[PDB]
Structure formats: structure tokens, C-alpha cells
Amino acid sequence: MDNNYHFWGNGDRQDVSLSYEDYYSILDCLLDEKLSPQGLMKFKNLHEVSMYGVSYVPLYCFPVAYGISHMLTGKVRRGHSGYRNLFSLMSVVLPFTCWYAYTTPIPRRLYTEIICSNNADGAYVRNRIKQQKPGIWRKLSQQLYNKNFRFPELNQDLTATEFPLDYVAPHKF
Amino acid sequence: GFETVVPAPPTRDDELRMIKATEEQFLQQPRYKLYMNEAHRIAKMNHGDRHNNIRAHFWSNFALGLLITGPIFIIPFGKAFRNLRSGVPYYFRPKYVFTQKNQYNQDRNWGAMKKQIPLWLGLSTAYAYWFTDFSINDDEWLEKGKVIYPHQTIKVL
Amino acid sequence: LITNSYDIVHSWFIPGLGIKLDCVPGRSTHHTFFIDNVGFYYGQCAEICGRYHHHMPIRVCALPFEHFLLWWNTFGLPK
Amino acid sequence: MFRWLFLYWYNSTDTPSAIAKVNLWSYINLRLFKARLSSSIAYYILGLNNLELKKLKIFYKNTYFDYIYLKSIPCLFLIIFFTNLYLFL
Amino acid sequence: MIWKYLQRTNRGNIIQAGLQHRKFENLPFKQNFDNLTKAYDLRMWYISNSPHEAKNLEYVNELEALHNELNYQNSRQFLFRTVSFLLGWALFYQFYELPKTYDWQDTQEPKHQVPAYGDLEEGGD
Amino acid sequence: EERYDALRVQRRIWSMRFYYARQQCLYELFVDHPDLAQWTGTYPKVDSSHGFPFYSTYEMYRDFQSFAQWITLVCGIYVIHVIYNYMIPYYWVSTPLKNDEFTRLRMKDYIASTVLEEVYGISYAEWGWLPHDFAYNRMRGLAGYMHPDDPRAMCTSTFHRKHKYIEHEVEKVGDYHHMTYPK
Amino acid sequence: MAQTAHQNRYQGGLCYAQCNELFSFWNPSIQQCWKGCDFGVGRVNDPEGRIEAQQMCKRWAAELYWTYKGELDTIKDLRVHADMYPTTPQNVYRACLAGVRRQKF
Amino acid sequence: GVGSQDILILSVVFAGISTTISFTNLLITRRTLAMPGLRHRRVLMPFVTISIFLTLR
Amino acid sequence: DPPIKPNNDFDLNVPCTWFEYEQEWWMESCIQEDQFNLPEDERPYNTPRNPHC
Amino acid sequence: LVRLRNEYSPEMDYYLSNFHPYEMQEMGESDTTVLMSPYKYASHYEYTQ
Amino acid sequence: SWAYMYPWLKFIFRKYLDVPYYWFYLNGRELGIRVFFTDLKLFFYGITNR
Amino acid sequence: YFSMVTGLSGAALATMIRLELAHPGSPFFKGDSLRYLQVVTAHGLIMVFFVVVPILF
Amino acid sequence: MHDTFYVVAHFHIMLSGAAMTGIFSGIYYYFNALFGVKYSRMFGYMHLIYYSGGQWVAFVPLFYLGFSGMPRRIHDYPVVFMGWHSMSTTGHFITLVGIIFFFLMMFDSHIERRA
Amino acid sequence: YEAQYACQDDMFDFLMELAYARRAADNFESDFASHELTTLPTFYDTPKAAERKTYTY
Ligand SMILES: [Cu+2]
Ligand SMILES: [Cu+2]
Ligand SMILES: [Mg+2]
Ligand SMILES: [Zn+2]
């Protein structure tokens, strides 16, 4: 498909998907002293990709917010004359569309390398999310198990001798 | 992360060979490439070369994109300005200036161009960014910023 | 000279040396100081500060290093 | 409906004198809308007897996108050729 | 070959579009927004391309009347849609379980809540 | 010759094509958009040689209409130079850095602290320093720029130089009894 | 270049160019490297002149910073890198030696 | 202390308000009520008026 | 009633004929007051004609 | 100085071409106070619904 | 009334402010428009999966 | 006329300033430095903001 | 020269002398427009002479004191300044006399009552 | 001694109060530091830090 599959800020459909809200919350519960210089490099690349992405998301959502605000006013296009109502409805609706976008997980190679890496950095990140962010880890564990990832930190772990630390949502065995 | 054997400080012959290599590598810089003398210069120059390579490809694709976005997208998009949603043919709706659209399809053609040229350029830019390859300059771990010295590039005697 | 002020801005102003250092609270301003002659210079405060802005005098004596060392060992070292 | 001021002001019968003799000042007869120039350059030279009106019209304004695209193909191919030539040399 | 469908411009892109007769055949028996907009568009296109002034001025008067009627219809649409939007907004936030579990570190500044430089803020040495 | 004449005619043709397209645009702007035409500085472009004044004409707003342009350009260049190396680089580092923090801070400071003028400040020191004052200030400068870790001392003209007019103390440039003292 | 011999770095010649190429543009070690170029002008080609120039570098480093008698004689690695700053007499000595090495003629 | 210094600060606030009123009145007087030939020509006016308008801006 | 500064249309201007010959007069007369003119007794005359004119 | 009179004489109609036609944009009542756009302000008139 | 939401505005654009000059060779990356298009595709994928 | 009155006020403040500085030893305020500083501040403020600015503008 | 009487002399020459002399130039230039009568020459000349002389005599010694290191806002100063300070004060009073003449001419302008 | 040289005694006293407050609790900065996860990558941030430097006589 694309000619830039090597890019770290890129991803395919079956990569680990984290919304921007989840990514920032995950960042809020980590320490740089506990990560190797490679893990810090992964996090810095993710930081630059994500700063550009969070800058751009409202631009992505602007056409949909514009259309919805137009449809709320009516079936009359008063360009340059309905700007006041259009942009009040925009300042209301564009936050809602951006809410839907920012709560939408998006796949990334850096997301799938930070979480699913088998070295000590991956285990540290997984356990830190498991303990400090139980809900984020609930969703993320469901996603990882669905993607044929087998880690001890997953709630859906049939080989464990210890009971899960959260509610195990129904899934196909 | 092991270490290599540190050779003894060079003798006068080795120093002269190093000076010869550095001056020979200095002679190779094109006069139209304005990179100052510094440790990273050669590295920068290498980077620049790769960047320029990418640039060329990009522009080619950009031009190609324009061609491929000519008849496939923008012209069929301009097929939508013939009639309005009510079925009545296109007519001029003036914003502030009541321009006289005396020529044949001045209003329709101008509106179509206003909504087509930005679309043409945007689709061409999307094509260029989608199909060109930045792999040669991409460095995920930033390992290519290491300082290369001119005497290490050239072997003398 | 590391100039600073306890409360408000003052100005260590030496007219004979033609220098003025603004002592500003929270600012540890580093100045270089070179006196190329043996000289006793008076000075004042050149930033408005209150009641005794006028009566805030300065006396700086630049001496050769032998006399400075004699002063330092006799009046500076005993603390 | 007038395009030229010299035709507009030559023999006007809707002047306030006559319209006051009838006293019916319709809105559609505002002088703000009666005359309007052609938006194409029109200057005056000296002909053989009097002033001659010469119109300077340079380019059309009704061009559609297909003309622009067809007139751009050589430029795009030149760009492609130059970029590939730079890559090879 | 290539020039036939790459250089030979289509007929429709050149000539003026004709009236779409399909959209004026089966009209609803209503003076709704669709019919009013169709009438407004018809008269506007006519006055934009007609050398006949009597019909043009008649259509100008009728266009002003249609503008008023379309303003009324749009007022109804605006009222209904915006009232529905506001009520849906209020109901959503009435039923939505607002997350009150956000981090409260921003409100706490321990160096400022209990001044770490106490007794030294006033000049004392 | 003939080729030069052809080149001159072609250049004139290009210039006049641009001029007349621009004039058509300006005439249309004046006729249809009188306020923007006035704002941009466009003259009333309707030929009223027939004696009837134009129905919508305006007074010229010649806001832009030598020394002012030069001094504004100089001040703008100075301001752009200041913002390039003093304002924007201030935001590059705002947190403690794990790797090469001192290197990055040195980079930011160097692109700001060291300026070109300093070198001239000593390269033409004779414009106010007499011979003996120059000798004393030479020893003083060699003392004051003794510290090696100072990028400002680099890119500064040497103090190991004789006064251009006449030199009294120094007989040779590098004949000293102490390395860091000019005598 | 207040401590060097030339008004501008271009009068130094090829040696100053090599010194500039040795360190990054913000590194003040270049000036010390330049002093090496000054010490080995008529000495690099002479077999004992090179030793004399190295001794001059040692004296220069000892004069710029406080140094101990054995300190400059027990340096394990005399190689320099781009980010070597003249914060220590060892770094000053290494930069001066590197400047001496790059003085043709 | 509380007293003359606060008087000065609040009087400077009041002077700012008065200057606001003055420059608004005079700038809008020029920008709106200028005679038909002196709407935009700075040069035509007497130099004191040009100076006053520049200082008001 | 406002005062007026009438603007003149360039196309409707007329060539200056109200003592038009005095616009530069003052300037020239300020330059010729301190100028010494060669008397006709000393000005060379009947010089050879230019070959091409 | 032509002192215009409040009449409909042919003499007054002689000066009919010396006046800009009166702009109707500011006539009537406006349903928009003022445009908040800085680029188009004090030059454009307010739009109407 | 929208005024007290400026910390988000700083949160978005200060990160743009702390990007050094390209030819200082700190990372040698300019990933603005590339990330624009890549994230457009990624958001298509994410919405479709959601 | 208001500016005439305020200019006389500023001239009186300047007279106080010059009478304090006529010779050392504080002949006017007699050792009251704070009153002198108040007089200087008032002189500057009413000469700048309440004499010249009123007159001109 | 920062925060010394050299700055005071600079900006007092400028503000007081130049600005008030220009203001008086405008007052005399617009005297008929402002008051409806023509001004009297005698007290006007006296005002001009005394105001200008007072400005010079009051603000040149301030330059002299600024060169000698006299800070601005001190009400007590070293003994070696008093001389010029006295001269400065003298100049101010000269200025005051000029001010008197100014008002006098206005009074004298309305005894005169000429068109 | 470098910190003492760079700081005045007042600022040094403030920093010593902070140092006491952080040494009583044994607050190493590495216990809280996370900003390296939100910092742009640099050539100096390579995983192989020892091999990034080129050494040359
Ligand atoms: Cu004080
Ligand atoms: Cu004081
Ligand atoms: Mg001060
Ligand atoms: Zn306009």
C-alpha cells in the first residue's frame, strides 16, 4: 500500500491502538529513570508524532463540525451572513467531534512497540499501566488479547495461578 | 558496548598523512554548497544530499500527482457545478461585490475553478506525500548524527 | 562584584570611576571591576529608595596590592 | 439601462422636473442603478474628427479547469523530466 | 488514443447546463422549502439570463416575496433544529456520568500553600 | 546585433503583457470594488475625457506613496536578527536534560552571546587607544580573557598585536617571558 | 582568538581551518587548538621542535588552569572529540596538542 | 505606605481613562467628519494637526 | 454645511496658463543671482560647424 | 458658487451629473450592528438577513 | 467566556515553540505535513475499527 | 484657562523643588525627604499629564 | 550619566524650553482666534526674553552638575554643588518673571481692545 | 563553591531552605522526573551513547 511503512509514526490496522487521551494518561504514570535509553527514544519519537497529531486533529474534524453546524441552522447557506450562528454552533459542535476523535484509538508502530515489547521496558510500561491506570489497562488488555498477544499482565491469562485484578469482559476463547 | 584499542599518538609522518587527507577532502566541497567548517559539516552535507534526493522524487510525484488528479478527480468534481440541487442551472450568488458575469459561463466556471484549484493542489500534495519514499533520510534512533572527520573518509599513501 | 539588594532597587554609583551598578532584589548581577590607579573614590545611591536616599554614601579605596594585603591581614583576616 | 455616461446624460426625460410634474418617484428608477460601466478598459484617443473610444481587453474571465489542465501538461512533463535528470545526474 | 479521452474535452463541461426537468415534474402539493427554493432558483436564473425587462421585473417582485417566505420557513427550521439540539445537549449531560476522577495536582502547590521561604521573604540575613 | 534586438523586443513584450493584464485587473477592481481599489492605492482609472465625471470616484489614499524605507529596512533586519537568536532559542530548552544538557545549553547560549561586532571592537582598537593606553589595555585584555572556556574570547581579534601607529613596549609579537602576559 | 597570534581566523591558514573542522562551532576548544597552531609554526618539522611544542602546550595548560605536577603526564587518552570543552587543564592540553598535530610547515 | 502612592496609581488610571476619551473623540472626528477633500491627505492639513493625529495614534 | 476641498479629475484638467512661465522662475533666479556670466566680448563665436549637423 | 434651490426647475436638473448617486446600503434599518472582521471593516457595509 | 481555556492553547503551541532550527542538526527531522497525512490515514483506520 | 491654573500649580511645585535645592542643608523642607520626594513626583506627573497634555490636546 | 542631573537637564531643556516655547508660539500665533483681540507687543517681548533666559540659566548649570556626579532625587547634596544649584534656582525665578509677563500681556491685551 | 559563586547569600538561603525541605523527605529528583518522555528527540539521545562520540588525535 503506502511507501512509508518504515515510518515509526505510521501504522497498519492490526497495530496497538491508543487514543490521544489514553496516551497522555499513560504518560502521566511513568518515570524516565526506569526506562532504558531505547525506551526513552521510543517515547520521544512518539512525543513528536503525537504533538503534531494533537495539533492536527481539530483540522481533521473541522469539515464534519462545519456540516453539522450548517445542518443545525437549517437548509439556507447565508455565507458571510450566517457566520455568527454558524461559528457559535461550531464552537459547540467542533469540541464534540474532537471528543469523538480524541476518544478514538488509532494504531501506531510506536504504540505497538512501547506496550508489546518483550524487553524490560515493555514489562515496566505494562505493569505501570496495569496498576496506576486500571481502566485504561482493562481496555488495553482486551485489545492486546484480541490481537494474539500473550503477556502475564493481561487479565485474560489462562496460564496464570493468580486471579485477575479486574473484571474479565466476555470474549471468544 | 565494548571499547577499541587506542593507538599511540601519531608520529610526524602520520600527522602529515592526516593533514593531506583533510586538505584533499576540503578540496572536494562544491563552491555552491555553503556549509561552514565544523565537526558535523560532513555529516550535515551527507544529510543534505539525501534530503535533496528526496526532494527531487517528491516534486516528480507532485507533478505526476497533478496529472493523475486532472481527469480522475477534479474534472468529475467540476461536473457538479452544472446544476444546483433544485435542478436550475448554475447562477451567480454574489457575496459583496456584484461582479458583472457578462461572459458565457463566467460565474459557473469561476466558482468551479475556485473550488477545484485548491482541491487539485491538495490532492496532488496528498499523492506526493503518499507515494514518495523518505526511507533514505529516516533515522528512527538518530544514529546518523555521528561526527565524521575528513581524514577518516580519505586514505593517503 | 556580585550586586544584589535586600529590599528594593538601589544604585551603587561611583562618579570618579564613572560606573553605576544597579542592585536589584532577587538579581545576583555579576560585574567585572578593574581600577587602574591608586584612588579613594566617594559615591552615592542613584536610585530613589526612601528617607535616606541622599544620605547613603559610598567610600571605595583602590590600593596597590602590598597595601591591600596589609589591610587584608590586619583588618580582614581577623574577621 | 445605460452603459455610457455620454449616452446616459445626453437626453434624459426622467429628470426631477418631469417626474415632479407627475409626482411618482418609483424605487426601480434610482440613479444609483441607472448607469454602470463595462468593467473592461475603455480609454479615448483622438480620431479624425473627435474622440474615439478604444477598449483594452486582454484576457477572458470564463476559463474552466479543463483549459488550465490541458495547458499545464507540458509544464508538468518538463518538471518530471528535470527531476529525473537531476536524479540521474 | 490517449488524446481522445485525455485531451478531447467533454461537451457538458463547455456548454451551459440545461434545466433538469425531472425535478419539476412530480412536485408535492405543498408550499414547502423545496418548492419555494425551486421557484426562487428558476426566477433568479431567468433574470440572470433574460433580455426581456418586463418579465425580469415581475420576477424581481416575485423573488422578493419568495425571499420573505423562505426566511419564514428557515426560521421554523432554525427554531426546531436548535431547540432539539439544546434539549439533546441538556439530556445528554443529564444522563452522562461525568468523570470527576481527574488529577488534582494542578490545584496543589506545596511550596506556595506553605511558603517554603518563610521568615526569609522579608529581607533578613 | 539582430539577436540582441530580438531579445530586447521579447523582454518588452513580456513586461507589457504583465503590465496590461495587471491594468485590466486594476480597472475591474476600480469599477466593481471602489473601496478596495482606494485602499490598495489605485488611481481612478475611468477615462472621463468626454466631460461627464464618473458616478463613483474617490480621493486617493496614498498610504505607502527613500530614507524612511532604508531606515525601516535596517530596523526590521536588526529586529529579525534579534528574534532569530535571542527570543526563539530561549524556548528550546525549558526542562533539565538527561543527555548532553551542558552541550545543548552551550549551543543555545553561543548562538546568542557571541556577536560579530566584538571582533571589530578590537580589530580597530587604534581608534581611541593611544600607544601606551593600547599597551596597558592589551595586558588588561589578555588578563581579562584568560579563561579558556569562553566562546566570546574566540571570534575576537587577538591582543597579541602591536599598535599600528607605533609600538613602545612590544618589540616582537611572540617574545614574552610569561605565556599569559604580553611582557 | 584573543590569546592567539592573528587578528582573524583566516590568517591562521590551513591549520586554523582544521581546528575549526575538529570541534563543533560552539566549542571554545577551537581557540586552544589555534594556540597549538601557533606553537608548532617553525617547530613541527624539527624532530625536537615537536617535543618543544608539546612542552609549550603543557605549559600553556598549566598557566590557564591550576594543575598538579603529574596531572598532565598521566592522561590515559589524548584523543579529542567534538564536544570536548576546555573546562579542565587536561582538555586544554589535549586541544593544544591536537592543534600542534595539524600544523603543516 | 497606603496614601500618596495609591493616590498616584489610581490617578494614573483615571488619566488613562481621560486620554482614552480624548484620543477616541479626536481620531473618530478625523476618520468620520473630515471634509470631502481632506479625508486621507495627511500633507494638506496644518502640521500641528498631523502631529496631533500621529500622537493620538 | 461642510467646507470642501475639490479634487480635480486628471482627464478634465487643462494645461496651466495662469502665468505658467513662473513656476520655476524663483528657483532659477536664486541660482543666477550668484552666477557670473561671460561677456559677449569674450564668448567665442563663429566656431566651426559640427560635421554631421 | 451655485446656490441650489428647493425646486424642480430645469436649471437644477442641469447639475444632475455633478453628484454621486446616493447609496442605498445605509438607508432603512439594519439587522446587523457591525462586522467584527478587521479586514472588512469601515469599508464594507453590514449584510442583511 | 471562552478565556480561561488558554492553558490548552499553550499546551498545543508551546510544543511548536520549542522546536529548534532545522540546520542546527539536533535531530534533522521535519515531520509536519508527513504526520498530517499519516494521521489522516490513521484516523480513517481508527474510526473504521471503532 | 484650566491649563493656566494647572501650569501655575506645576510652576509652584517646581519652585518648591528649586527652593529645597538652593543650597545644601534642606532650607525648604528642613530635613523632610519624603515630602520632597512627593513634591518631585507631583511636579513631574502634573507637568506631563496635566499641563502639557491638557494644553496641546 | 544615568539617574543624574545630566538627564534632568536634557529633558528639562527639551520639555520645558522647547515644548513650552512652541506652545507660546502657538498662543501668540492664534491670539486673535483664541481671544478675539490682538496681543500687546511690550509684555509679549518681556515674556519672550525672560522665559528664554530663565530656561537657559536654569538648565545649563544642571548639565554642569550632571557632569560632576549629581544624582537626581536627593534633597541634600555634597557642598561642592551648591554654587551651580543656586544659579539654576536663579534661572527658575527668571522663568517665573517671564510667566508673570505672560499673564500681564493677556491683561494688557484686553485693556487694549484692538481688532 | 560554584553554586556559592553564582548565587547571592539571599538566593543561596532560599535554595538551602528548599534543600532542607527535600532532604528531610529524601526526595531524589529521579523519583519524580518524567519530562524526558515529553521532550523532543536529539542526536544526543541515542541508545548507544558511548559510540556516538568520534575520537581523533
Ligand atoms: Cu538607596
Ligand atoms: Cu537610593
Ligand atoms: Mg535607575
Ligand atoms: Zn471592499
# chains A, B, ... in the order shown; residues from 1 in each chain; ligands from 1
call {"tool": "residues_near_ligand", "arguments": {"ligand": "ligand 1", "cutoff": "7 Å", "atoms": "only C-alpha atoms and all ligand atoms", "output": "list in words"}}
result
residues 10, 11, 45, 46, 47, 48, 49, 53 and 56 of chain C
call {"tool": "write_last_selection", "arguments": {"atoms": "N, CA, C and O atoms", "output": "mmCIF file, in the first residue's frame"}}
result
data_model
loop_
_atom_site.group_PDB
_atom_site.id
_atom_site.type_symbol
_atom_site.label_atom_id
_atom_site.label_comp_id
_atom_site.auth_asym_id
_atom_site.auth_seq_id
_atom_site.Cartn_x
_atom_site.Cartn_y
_atom_site.Cartn_z
ATOM 1 N N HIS C 10 18.521 49.733 44.477
ATOM 2 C CA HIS C 10 19.449 50.826 44.731
ATOM 3 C C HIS C 10 20.441 50.904 43.579
ATOM 4 O O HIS C 10 20.457 50.052 42.691
ATOM 5 N N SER C 11 21.287 51.929 43.594
ATOM 6 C CA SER C 11 22.284 52.103 42.541
ATOM 7 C C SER C 11 23.611 52.500 43.165
ATOM 8 O O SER C 11 23.787 53.644 43.590
ATOM 9 N N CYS C 45 24.009 56.635 46.197
ATOM 10 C CA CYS C 45 22.915 55.821 45.696
ATOM 11 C C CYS C 45 22.169 56.631 44.648
ATOM 12 O O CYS C 45 21.747 57.760 44.918
ATOM 13 N N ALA C 46 22.028 56.068 43.452
ATOM 14 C CA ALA C 46 21.425 56.775 42.332
ATOM 15 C C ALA C 46 20.122 56.122 41.889
ATOM 16 O O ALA C 46 19.779 56.146 40.708
ATOM 17 N N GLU C 47 19.397 55.520 42.824
ATOM 18 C CA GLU C 47 18.054 55.020 42.568
ATOM 19 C C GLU C 47 17.193 55.368 43.768
ATOM 20 O O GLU C 47 17.560 55.044 44.900
ATOM 21 N N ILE C 48 16.055 56.022 43.523
ATOM 22 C CA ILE C 48 15.238 56.532 44.617
ATOM 23 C C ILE C 48 14.815 55.384 45.521
ATOM 24 O O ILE C 48 14.323 54.348 45.056
ATOM 25 N N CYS C 49 15.037 55.549 46.826
ATOM 26 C CA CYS C 49 14.801 54.458 47.761
ATOM 27 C C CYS C 49 14.077 54.844 49.042
ATOM 28 O O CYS C 49 13.628 53.939 49.749
ATOM 29 N N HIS C 53 17.758 58.292 50.934
ATOM 30 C CA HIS C 53 18.312 58.154 49.595
ATOM 31 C C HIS C 53 19.499 59.087 49.400
ATOM 32 O O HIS C 53 20.503 58.710 48.786
ATOM 33 N N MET C 56 23.201 58.061 51.719
ATOM 34 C CA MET C 56 23.565 56.660 51.517
ATOM 35 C C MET C 56 24.915 56.621 50.811
ATOM 36 O O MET C 56 25.015 56.203 49.653
#
call {"tool": "residues_near_ligand", "arguments": {"ligand": "ligand 4", "cutoff": "8 Å", "atoms": "only C-alpha atoms and all ligand atoms", "output": "list in words"}}
result
residues 96 and 97 of chain B; 33, 34, 35, 36 and 37 of chain F; 40, 43 and 44 of chain J
call {"tool": "residues_near_ligand", "arguments": {"ligand": "ligand 3", "cutoff": "12 Å", "atoms": "only C-alpha atoms and all ligand atoms", "output": "list in words"}}
result
residues 8, 9, 10, 11, 12, 13, 20, 21, 22, 23, 24, 45, 46, 47, 48 and 49 of chain C; 1, 2, 3, 4, 7, 71, 72 and 73 of chain M
call {"tool": "residues_around", "arguments": {"residues": "residue 48 of chain E", "least_positions_apart": "3", "cutoff": "10 Å", "atoms": "only C-alpha atoms", "output": "CSV table (one decimal) with N, CA, C and O atoms, in the first residue's frame"}}
result
chain,number,residue,atom,x,y,z
B,91,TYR,N,-26.2,29.7,-11.3
B,91,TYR,CA,-26.3,31.1,-11.5
B,91,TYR,C,-25.4,31.7,-10.4
B,91,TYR,O,-25.1,31.1,-9.4
B,92,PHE,N,-25.1,33.0,-10.6
B,92,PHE,CA,-24.1,33.7,-9.7
B,92,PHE,C,-24.9,34.2,-8.4
B,92,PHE,O,-25.9,34.8,-8.5
B,101,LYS,N,-21.1,39.2,-14.6
B,101,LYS,CA,-20.7,38.0,-15.3
B,101,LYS,C,-21.2,37.9,-16.7
B,101,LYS,O,-21.9,37.0,-17.1
B,102,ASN,N,-20.7,38.9,-17.5
B,102,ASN,CA,-21.3,39.1,-18.9
B,102,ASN,C,-20.9,37.9,-19.8
B,102,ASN,O,-21.6,37.5,-20.7
E,42,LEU,N,-35.5,29.3,-10.1
E,42,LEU,CA,-36.0,29.5,-11.5
E,42,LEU,C,-36.0,31.0,-11.9
E,42,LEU,O,-35.5,31.4,-12.9
E,43,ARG,N,-36.6,31.8,-11.0
E,43,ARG,CA,-36.7,33.2,-11.3
E,43,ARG,C,-35.4,33.9,-11.3
E,43,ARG,O,-35.1,34.8,-12.1
E,44,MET,N,-34.5,33.5,-10.4
E,44,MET,CA,-33.1,34.1,-10.3
E,44,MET,C,-32.3,33.8,-11.6
E,44,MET,O,-31.7,34.7,-12.2
E,45,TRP,N,-32.4,32.5,-12.0
E,45,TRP,CA,-31.7,32.2,-13.2
E,45,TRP,C,-32.3,32.9,-14.4
E,45,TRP,O,-31.5,33.3,-15.3
E,51,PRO,N,-33.1,38.8,-21.8
E,51,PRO,CA,-33.0,40.2,-22.3
E,51,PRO,C,-34.4,40.9,-22.2
E,51,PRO,O,-34.5,42.0,-22.7
E,56,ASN,N,-38.5,40.3,-16.3
E,56,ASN,CA,-37.5,40.4,-15.3
E,56,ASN,C,-38.0,41.1,-14.1
E,56,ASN,O,-37.7,40.7,-12.9
call {"tool": "closest_residue", "arguments": {"among": "L:17, L:10, L:33, L:4", "to": "ligand 2", "atoms": "only C-alpha atoms and all ligand atoms"}}
result
L:33
call {"tool": "residues_around", "arguments": {"residues": "segment 41-47 of chain H", "least_positions_apart": "6", "cutoff": "9 Å", "atoms": "only C-alpha atoms", "output": "PyMOL selection string"}}
result
chain F and resi 59-63
call {"tool": "write_last_selection", "arguments": {"atoms": "C-alpha atoms", "output": "compact mmCIF listing (two decimals), in the first residue's frame"}}
result
# COMPACT_ATOMS: atom_id res chain seq x y z
CA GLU F 59 -9.92 60.59 -3.26
CA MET F 60 -6.53 58.90 -3.44
CA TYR F 61 -5.38 57.05 -0.31
CA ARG F 62 -1.62 57.03 -0.93
CA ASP F 63 -0.51 55.47 2.34
call {"tool": "residues_around", "arguments": {"residues": "residue 62 of chain C", "least_positions_apart": "5", "cutoff": "10 Å", "atoms": "only C-alpha atoms", "output": "JSON, numbers by chain"}}
result
{"C": [34, 35, 36, 37, 38, 39, 40, 41, 67, 68]}
call {"tool": "write_last_selection", "arguments": {"atoms": "N, CA and C atoms", "output": "mmCIF file, in the first residue's frame"}}
result
data_model
loop_
_atom_site.group_PDB
_atom_site.id
_atom_site.type_symbol
_atom_site.label_atom_id
_atom_site.label_comp_id
_atom_site.auth_asym_id
_atom_site.auth_seq_id
_atom_site.Cartn_x
_atom_site.Cartn_y
_atom_site.Cartn_z
ATOM 1 N N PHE C 34 37.640 46.759 37.451
ATOM 2 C CA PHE C 34 39.063 46.995 37.259
ATOM 3 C C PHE C 34 39.336 48.460 37.546
ATOM 4 N N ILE C 35 40.241 48.724 38.481
ATOM 5 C CA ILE C 35 40.666 50.079 38.803
ATOM 6 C C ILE C 35 42.143 50.183 38.462
ATOM 7 N N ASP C 36 42.475 51.092 37.548
ATOM 8 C CA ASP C 36 43.818 51.201 37.001
ATOM 9 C C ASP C 36 44.630 52.310 37.654
ATOM 10 N N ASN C 37 44.283 52.698 38.877
ATOM 11 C CA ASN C 37 45.045 53.714 39.585
ATOM 12 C C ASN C 37 44.769 53.588 41.073
ATOM 13 N N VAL C 38 45.697 54.107 41.869
ATOM 14 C CA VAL C 38 45.508 54.194 43.312
ATOM 15 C C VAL C 38 44.571 55.360 43.588
ATOM 16 N N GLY C 39 43.419 55.071 44.183
ATOM 17 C CA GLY C 39 42.424 56.113 44.332
ATOM 18 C C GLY C 39 41.365 55.895 45.389
ATOM 19 N N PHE C 40 41.004 56.965 46.090
ATOM 20 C CA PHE C 40 39.918 56.949 47.061
ATOM 21 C C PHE C 40 38.723 57.654 46.432
ATOM 22 N N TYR C 41 37.689 56.889 46.102
ATOM 23 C CA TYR C 41 36.519 57.397 45.405
ATOM 24 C C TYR C 41 35.313 57.380 46.331
ATOM 25 N N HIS C 67 49.710 47.276 49.980
ATOM 26 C CA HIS C 67 48.890 47.944 50.984
ATOM 27 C C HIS C 67 47.549 47.243 51.162
ATOM 28 N N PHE C 68 46.972 46.734 50.072
ATOM 29 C CA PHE C 68 45.740 45.963 50.199
ATOM 30 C C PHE C 68 45.965 44.708 51.023
#
call {"tool": "decode", "arguments": {"residues": "segment 24-37 of chain D", "atoms": "N, CA and C atoms", "output": "short mmCIF file (atom, residue, chain, number, x, y, z; two decimals), in the first residue's frame"}}
result
data_model
loop_
_atom_site.label_atom_id
_atom_site.label_comp_id
_atom_site.auth_asym_id
_atom_site.auth_seq_id
_atom_site.Cartn_x
_atom_site.Cartn_y
_atom_site.Cartn_z
N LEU D 24 -44.48 60.86 -9.08
CA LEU D 24 -44.48 59.42 -8.85
C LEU D 24 -43.03 58.94 -8.96
N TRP D 25 -42.35 58.87 -7.83
CA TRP D 25 -40.92 58.57 -7.78
C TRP D 25 -40.75 57.10 -7.45
N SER D 26 -40.71 56.26 -8.48
CA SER D 26 -40.59 54.83 -8.29
C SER D 26 -39.19 54.46 -7.80
N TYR D 27 -39.12 53.38 -7.01
CA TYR D 27 -37.85 52.95 -6.45
C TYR D 27 -36.94 52.36 -7.52
N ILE D 28 -37.51 51.64 -8.49
CA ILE D 28 -36.70 50.99 -9.51
C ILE D 28 -35.98 51.98 -10.41
N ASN D 29 -36.33 53.26 -10.34
CA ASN D 29 -35.71 54.29 -11.16
C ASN D 29 -34.67 55.10 -10.39
N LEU D 30 -34.06 54.50 -9.37
CA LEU D 30 -32.97 55.16 -8.66
C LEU D 30 -31.80 55.38 -9.60
N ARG D 31 -31.16 56.55 -9.49
CA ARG D 31 -30.00 56.83 -10.31
C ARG D 31 -28.77 56.06 -9.87
N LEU D 32 -28.82 55.39 -8.72
CA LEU D 32 -27.71 54.55 -8.29
C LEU D 32 -27.54 53.34 -9.20
N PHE D 33 -28.62 52.90 -9.85
CA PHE D 33 -28.59 51.70 -10.68
C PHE D 33 -28.73 51.98 -12.17
N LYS D 34 -28.92 53.24 -12.57
CA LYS D 34 -29.24 53.52 -13.97
C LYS D 34 -28.06 53.27 -14.89
N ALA D 35 -26.87 53.73 -14.52
CA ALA D 35 -25.69 53.60 -15.36
C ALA D 35 -24.63 52.77 -14.65
N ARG D 36 -23.91 51.96 -15.43
CA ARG D 36 -22.82 51.16 -14.90
C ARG D 36 -21.89 50.79 -16.05
N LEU D 37 -20.59 50.97 -15.85
CA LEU D 37 -19.62 50.73 -16.91
C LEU D 37 -19.42 49.24 -17.13
#
